[PDB]
Amino acid sequence: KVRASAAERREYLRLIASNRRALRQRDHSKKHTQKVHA
Amino acid sequence: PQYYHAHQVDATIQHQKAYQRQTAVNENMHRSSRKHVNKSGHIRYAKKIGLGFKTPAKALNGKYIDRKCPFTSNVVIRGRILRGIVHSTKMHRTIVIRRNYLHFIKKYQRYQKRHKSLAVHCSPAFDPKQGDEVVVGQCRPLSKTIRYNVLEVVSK
Amino acid sequence: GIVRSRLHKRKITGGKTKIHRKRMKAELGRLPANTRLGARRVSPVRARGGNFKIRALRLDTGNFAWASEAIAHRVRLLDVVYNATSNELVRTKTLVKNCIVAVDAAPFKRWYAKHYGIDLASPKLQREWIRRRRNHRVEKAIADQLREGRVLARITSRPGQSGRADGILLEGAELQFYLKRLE
Amino acid sequence: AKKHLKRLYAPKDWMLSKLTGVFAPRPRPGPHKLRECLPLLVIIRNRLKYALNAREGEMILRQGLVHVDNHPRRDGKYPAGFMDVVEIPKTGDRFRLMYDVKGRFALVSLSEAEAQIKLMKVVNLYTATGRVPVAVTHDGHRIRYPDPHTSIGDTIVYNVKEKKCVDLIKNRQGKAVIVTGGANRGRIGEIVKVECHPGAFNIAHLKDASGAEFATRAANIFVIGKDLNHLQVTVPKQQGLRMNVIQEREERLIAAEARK
RNA sequence: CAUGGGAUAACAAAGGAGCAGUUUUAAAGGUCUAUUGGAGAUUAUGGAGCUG
RNA sequence: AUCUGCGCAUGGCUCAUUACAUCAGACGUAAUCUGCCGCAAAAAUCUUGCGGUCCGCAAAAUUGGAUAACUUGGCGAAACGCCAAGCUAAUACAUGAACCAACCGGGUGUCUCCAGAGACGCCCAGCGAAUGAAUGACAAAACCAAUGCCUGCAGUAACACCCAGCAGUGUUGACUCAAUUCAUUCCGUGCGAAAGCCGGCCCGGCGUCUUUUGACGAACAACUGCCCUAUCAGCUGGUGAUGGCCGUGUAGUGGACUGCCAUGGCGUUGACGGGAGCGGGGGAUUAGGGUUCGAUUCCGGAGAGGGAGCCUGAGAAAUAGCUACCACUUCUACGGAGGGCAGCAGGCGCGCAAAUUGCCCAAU
Ligand SMILES: NC[C@@H]1O[C@H](O[C@H]2[C@@H](O)[C@H](O[C@@H]3[C@@H](O)[C@H](N)C[C@H](N)[C@H]3O[C@H]3O[C@H](CO)[C@@H](O)[C@H](O)[C@H]3N)O[C@@H]2CO)[C@H](N)[C@@H](O)[C@@H]1O
Ligand SMILES: [Mg+2]
Ligand SMILES: [Mg+2]
Ligand SMILES: [Mg+2]
Ligand SMILES: [Mg+2]
Ligand SMILES: [Mg+2]
Ligand SMILES: [Mg+2]
């Protein structure tokens with residue numbers, strides 16, 4: 001139950017760190033798709 | 001090059017047989033971060049209390065060392081927020097406010113002038129004269145009679 | 001016993017308060033510790049909740065911190081130098097919070113030779129000393145009493161409450177405050 | 001340390017008659033508040049008539065036959081309160097504690113799929129040791145890794161069998177609540193406007209299905225769905241609609257005359 | 001505690017010499033953040049404000 | 001029968017005290033303690049066995065000493081009094097778990113590399129606690145050094161491999177808080193997997209340390225309110241009265257308290273002192289305005305013959321707990337030993353004035 005509780009941290013940390021990744025790569029798209037335009 | 005040249009003693013605030021310092025932050029940091037340092041020079045602890053009260057110009061850019069102060073200490077303002085008028089400022093760093101109210105008598109269909117006086121701790125951010133209207137906020141006991149602490153002064 | 005109530009205090013009108021209950025246990029106070037210098041002897045006190053509050057009698061050592069360097073070292077208290085409450089507490093050498101003491105200064109010099117490499121040569125491989133030491137400089141009033149042998153320091157813990165004599169080294173204007181009052 | 005209740009100082013929603021004994025079963029600390037629960041001796045004896053007295057009532061409970069939120073409760077003084085799910089495997093009935101529109105506790109009958117989830121309102125959020133952010137709930141639960149969009153006023157759907165927070169309901173303008181305190185307790189309404197007033201009590205303005213406008217403190221509202229049609233949990237038979245006192249008085253006389 | 005209505009009254013301050021020019025335009029002198037791939041250290045130009 | 005674990009701090013009685021007190025409505029605790037109960041958490045600890053004298057091979061850790069009851073001998077007029085010896089338990093007391101079994105971090109010495117990078121080695125790295133430091137957000141180009149991708153700069157999370165997104169993001173109206181990083185060290189005043197108990201035919205019911213928070217509470221603070229009295233006009237302040245500075249003490253805030261400094265604070269809007277006596281919910285009467293009563297069932301406060309002071313416990317300044325004195329007081333074999341009905345029945349007094357030394361846990 002310490003391994004299972006340290007497993008449910010490692011997948012809460014992929015819920016947090018993926019949501020931060022999806023915001024990195026919607027902004028570096030929307031910056032680069034207007035940098036092409038000008 | 002090895003020597004640091006620390007700050008000299010500011011004798012205008014240092015009167016009180018122990019060194020007057022703020023417990024929140026250390027005055028003696030060499031490369032103190034931009035967290036607590038104010039505009040001109042020195043390290044200072046200033047806090048934002050709750051209910052839409054703007055901290056004064058002093059308590060950010062002042063030099064005074066106050067404990068029991070709502071803006072520069074661990075004193076938290078909570079509970080009641082009241083108003084009074086300044087009655088006497090004769091005590092050191094403490095004022096007595098006067099709260100004047102009309103007490104309605106249900107039998108004689110008429111009001112009655114009563115008053116309550118409260119000892120209120122007054123920060124050196126503020127200099128209220130007699131008759132000035134203040135806003136006080138409740139805090140912990142700070143003395144035998146001090147429960148409130150001045151938040152804003154409305155002049156004259 | 002000793003109580004902490006306002007039942008015995010006069011009203012602000014000057015009137016006497018007439019007492020209509022016995023003393024409560026929930027309003028007690030206890031006799032002071034009067035912690036002095038000496039070899040360590042402590043007596044625990046059973047507080048509320050069953051918690052233990054360790055009275056310090058006779059303390060000689062503590063962890064003192066050098067806050068610019070963000071380190072601490074277990075050093076030995078030498079003397080009690082200045083107390084803001086009374087000069088009589090200096091003479092009986094009571095340890096309270098905020099009293100000014102002198103400490104050993106030997107672990108601080110040894111740390112300042114091990115870290116920054118300045119004495120008051122052997123690892124030629126690791127000169128991460130050079131990665132530090134350039135921006136940082138040391139106050140002169142510290143380095144004088146550091147090599148003089150004892151450093152003035154300030155007690156930052158409450159010994160009668162915690163049974164510890166932890167502290168901080170006086171720096172800056174705070175050292176220059178207390179050096180004037182002594183000499 | 002109080003250990004007794006007088007039956008007059010007991011809550012009125014329990015509906016214990018004043019002439020039957022001096023004392024009422026004081027609910028222990030636990031999940032729900034003493035003022036805001038219905039202890040299991042009152043459910044097994046006074047609500048359901050499975051027990052004629054308190055002596056028959058502990059023959060049921062101490063034997064392990066009543067389950068509050070999937071776990072057998074052998075305490076007659078266990079505080080069961082709002083959104084709890086009370087199962088009984090032998091009689092095959094399972095109920096949910098809801099407030100009806102007159103403010104009293106009501107036992108809403110459930111299916112098997114509707115009896116697995118309960119809806120729980122966050123009361124506090126903090127970080128525990130480690131860096132684990134846990135969520136404190138009105139039922140006393142401490143969910144350790146909730147949905148990261150959890151704020152304090154929200155509602156977590158929980159599924160008490162597999163202890164996994166399956167869903168989240170934020171507290172916003174467009175949601176529907178149930179009122180769990182005050183004069184308006186048991187009423188269901190859409191949220192209209194939430195008046196903040198920092199330092200004091202948040203006031204929440206609410207509009208009912210009929211259009212009746214009413215307000216409460218926002219610590220009294222309990223959001224239970226996205227709208228008044230898409231409620232996440234089933235509600236009692238009035239469905240939060242408070243009829244007029246004149247119209248509901250006429251209908252009982254009409255129903256009693258038409259019955260004879 | 002929240003909120004809106006502004007009749008009547010109230011607190012406060014004043015005692016009227018005891019008093020509180022707005023914009024376009026180019027010019028002079030002088031004061032203590034954002035970009036150049038990052039971060040560190042120097043460095044002139046410039047924005048907006050300073051006054052004659 | 002006795003060890004052990006909880007309980008006896010509730011309930012019940014009474015209303016003597018008591019006017020910046022209690023109490024009511026309403027707030028505060030970010031100034032704090034909190035057993036039982038609810039949902040959770042948990043990677044610290046070189047221990048055993050066998051062989052050899054500190055090492056080797058092993059592994060379901062087959063741990064240690066003492067007391068009751070009891071027996072024996074008893075002391076004493078007695079006492080809800082006692083002694084000595086001999087036995088024996090644990091979920092009492094004490095001791096103690098390597099490897100299975102992680103991630104992550106700091107400080108640091110040899111070794112393969114390049115003109116700083118890696119491998120290895122050592123010390124330290126658990127929850128809680130102390131002190132110190134760091135987080136706990138924010139609201140146009142030019143040149144040199146180190147460094148990033150390009151074949152001069154297109155475009156870009158951060159990071160020298162192990163994991164190319166394994167936290168760049170706690171909460172509040174507000175925190176010096178929640179939590180995390182590192183520095184030092186906790187010497188009993190913390191941390192077992194009870195070295196625990198059952199049950200089913202590996203699994204399931206319990207029972208327990210620590211840690212943490214909801215809940216039931218505790219303690220403090222005070223916004224508005226309160227009978228009569230001036231044949232009571234000044235009250236407080238050396239020996240704390242109002243405030244300020246270091247401390248101390250507390251569970252915590254604080255003249256609560258030591259030291260020092262200042263000269264305040266309250267009052268004809270009735271202070272101060274005296275008399276009446278628990279405070280509300282409420283009762284009686286009332287067109288309206290009122291005038292009265294509230295010892296009494298519910299809530300709160302206080303007390304247990306008066307007055308203290310304590311122990312134990314999560315909680316008592318407890319009284320069907322202890323210690324002492326004062327006033328009464330019972331047994332004695334005179335050596336001594338005890339008492340506490342404002343619990344329920346009763347008893348004597350006192351008065352105008354108030355019942356049964358009853359049956360039962362069937363209900364609450
Ligand atoms: N007045 C109460 C306070 O007493 C304090 O001082 C008091 C003490 O110095 C002293 O009180 C002592 C006390 O220390 C000691 N531990 C116990 C003793 N019973 C008390 O004595 C006091 O009480 C008894 C009975 O009332 C009287 O007989 C005695 O004369 C009186 N001095 O006497 C003073 C009271 O008269 C402070 N002066 C002050 O805080 C305040 O006056
Ligand atoms: Mg026992
Ligand atoms: Mg009365
Ligand atoms: Mg203080
Ligand atoms: Mg009572
Ligand atoms: Mg007497
Ligand atoms: Mg009787």
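Values below: all heavy atoms of this structure, side chains included; hydrogens, waters and symmetry mates excluded. Within every chain, numbering begins at 1; the chains are lettered A, B, ... in the order of the sequence lines, protein sequences first and strands thereafter.
Checking E:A2, F:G7, F:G217 against every side-chain atom of D:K3, the shortest atom distance belongs to F:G7. The side chain of B:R114 approaches F:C226 more closely than any other nucleotide in the set F:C166, F:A251, F:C226. Considering only side-chain atoms of C:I168, the nucleotide from F:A129, F:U242, F:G132 that sits closest is F:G132. With F:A178, F:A251, F:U176 as the candidates, the nucleotide lying closest to the side chain of D:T127 is F:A178. Of the candidates F:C226, F:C245, F:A183, F:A183 carries the atom nearest the C:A72 side chain, counting heavy atoms from C-beta on.
Within 4.0 Å (heavy atoms only), C:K22 reaches at least one base atom of the nucleic acid. If you check every strand for non-hydrogen atoms under 4.0 Å, C:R30 touches sugar and phosphate atoms only. Using a 4.0 Å heavy-atom criterion, one finds that D:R131 contacts the bases of the nucleic acid, with or without backbone contacts as well. The residue C:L28 sits close to a base: some heavy atom pair falls under 4.0 Å. Among the atoms of the strands shown, only primed sugar atoms or phosphate atoms (P, OP1, OP2) are found under 4.0 Å from some heavy atom of C:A67. When heavy atoms are screened at a 4.0 angstrom cut-off, C:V45 is found touching no nucleic acid atom at all. Within 4.0 Å (heavy atoms only), D:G130 reaches sugar-phosphate atoms of the nucleic acid but no base atom. Counting any heavy atom pair closer than 4.0 Å across all strands shown, C:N34 reaches no nucleic acid atom. Note on C:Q161: a base of the nucleic acid sits closer than 4.0 angstrom, heavy atoms only. At the heavy-atom level, D:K18 lies nowhere under 4.0 Å from the strands shown. Among the atoms of the strands shown, only primed sugar atoms or phosphate atoms (P, OP1, OP2) are found under 4.0 Å from some heavy atom of B:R147. When heavy atoms are screened at a 4.0 angstrom cut-off, C:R40 is found touching base atoms of the nucleic acid. Counting any heavy atom pair closer than 4.0 Å across all strands shown, C:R21 reaches sugar-phosphate atoms only and no base atom. Heavy atoms of C:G167 sit under 4.0 angstrom from primed sugar atoms or phosphate atoms, though from no base atom.
Contact check, B:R140 against F:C175: no side-chain N or O comes under 4.0 Å of OP1 or OP2.
Checked by atom type, the side-chain pair C:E171/C:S68 shows a donor-acceptor distance below 3.5 Å. D:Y78 and D:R28 are not linked by any side-chain donor-acceptor pair at a separation below 3.5 angstrom, with hydrogens and angles left out of the test. A donor and an acceptor atom, one from each side chain of B:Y101 and B:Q112, are nowhere located under 3.5 Å apart.
Across the protein-nucleic acid pair, C:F52 atom CZ and F:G128 atom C1' stand 15 Å apart, rounded to whole Å. If you measure from atom CZ of D:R28 to atom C1' of F:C216, you get 10 Å, rounded to the nearest angstrom. Note: NE2 (B:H36) to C1' (F:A137) measures 12 Å, nearest angstrom.
Evaluation of atom-type donor-acceptor distances gives no pair under 3.5 Å for the side chain of C:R46 against the base of F:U312. Side-chain atoms of C:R6 and base atoms of F:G255 include no donor and acceptor less than 3.5 Å apart. If you check distances only, the side chain of C:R4 does reach the base of F:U253 with a donor-acceptor pair under 3.5 Å. B:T23 contributes a side-chain N or O that forms a donor-acceptor pair with the base of F:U176 under 3.5 Å.
With its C1'-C2'-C3'-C4' torsion above zero, F:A77 shows a north sugar pucker. In F:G56, the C1'-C2'-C3'-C4' torsion is positive, which places the sugar in the north family. From the dihedral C1'-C2'-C3'-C4', which is negative here, one reads the pucker of F:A160 as south, toward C2'-endo. With a positive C1'-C2'-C3'-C4' torsion, the sugar ring of F:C272 falls in the north range. Using the sign of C1'-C2'-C3'-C4' as the criterion, F:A218 is classed as north-puckered.
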Interface polar pairs with nucleotides 358-364 of chain F, N/O, under 3.5 angstrom:
| residue | atom | partner | partner atom | Å |
| --- | --- | --- | --- | --- |
| F:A363 | OP1 | D:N53 | ND2 | 2.8 |
| F:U364 | OP1 | D:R45 | NH1 | 2.6 |
| F:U364 | OP1 | D:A54 | N | 3.1 |
| F:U364 | OP2 | D:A54 | N | 3.4 |
| F:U364 | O3' | D:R7 | NH2 | 2.3 |
| F:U364 | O3' | D:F23 | O | 3.1 |
| F:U364 | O2' | D:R7 | NH2 | 3.3 |
| F:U364 | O2' | D:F23 | N | 3.0 |
| F:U364 | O2' | D:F23 | O | 2.5 |

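For the P atoms, the distance linking F:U88 with F:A66 amounts to 9 Å, nearest Å. Taking atom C1' on both nucleotides, F:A79 is separated from F:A92 by 31 Å, rounded to a whole Å. F:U239 and F:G35 have their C1' atoms separated by 44 Å, given to the nearest Å.
Taking 4.5 Å as the limit, some side-chain heavy atom of D:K6 sits within range of a side-chain heavy atom of D:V22. Between B:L51 and B:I49 the shortest side-chain heavy-atom distance does not fall below 4.5 Å. Inter-residue side-chain proximity for B:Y148 and B:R80 is flagged as met; some heavy-atom pair is nearer than 4.5 Å.
Pair check for F:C57 finds F:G49; Watson-Crick or G-U wobble, both atom distances under 3.5 Å. Using Watson-Crick or G-U wobble geometry with both donor-acceptor distances under 3.5 Å, F:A327 finds no partner in any strand shown.
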For RNA chain E, just give me the dot-bracket, please: Watson-Crick or G-U, both distances below 3.5 Å, ( ) intra-strand, [ ] crossing earlier pairs, | paired with another strand, . unpaired. ...........................((............|.......)).
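Every residue was checked against the salt bridge (charged side-chain N to carboxylate O under 4.0 Å, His left out) condition with D:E36, not counting sequence neighbours, and none meets it.
With salt bridges taken as basic N to acidic carboxylate O contacts below 4.0 Å, one links C:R21 and C:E27.
Proximity of the aromatic rings of C:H73 and C:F108 is defined here by a centroid distance below 6.0 angstrom, and this criterion is met.
Syn is the conformation of E:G15, whose glycosidic angle sits no further than 90° from 0.
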